[PDB]
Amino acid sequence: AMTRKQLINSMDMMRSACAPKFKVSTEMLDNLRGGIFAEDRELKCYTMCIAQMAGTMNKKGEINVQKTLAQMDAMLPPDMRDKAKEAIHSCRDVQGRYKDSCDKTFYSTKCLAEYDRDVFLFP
């Protein structure tokens, strides 16, 4: 899988694909990469764009946890992979609490960040 530098380059190309579709600022995007979650509907739907581009969603607008675990095995530095997979497992009940798919991705992502802020990154 990727080195940290390779992961950052890939997440920067995911940001540049999804950010232009949403009314989100550098402060909101840079803070989100840093684990700080602005309550902004455009930023919530940006997380859904990223989740889709990252291969983590199904066509019903839910997170596919099995596919997400497989992407983490493929894409993450080994140092981050096992912690990110344990976080996804711990956070699997979050999306069922929200009808709206941007809420599902945003709050699932926030759960991942809260699980371990030191390993969390977001595109």
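We number the residues from 1 along the sequence you see.
Mean CA B-factor, 73-81 versus 94-102: the higher value falls on 73-81. Stretches 53-61 and 22-30 differ in mean C-alpha B factor, with the higher average recorded for 53-61.
Among the modelled residues of the chain, residue 87 sits in the middle third by CA temperature factor in this PDB entry. Placement of the Cα temperature factor of residue 109 within the chain: lowest third of the modelled residues, per the deposited record.
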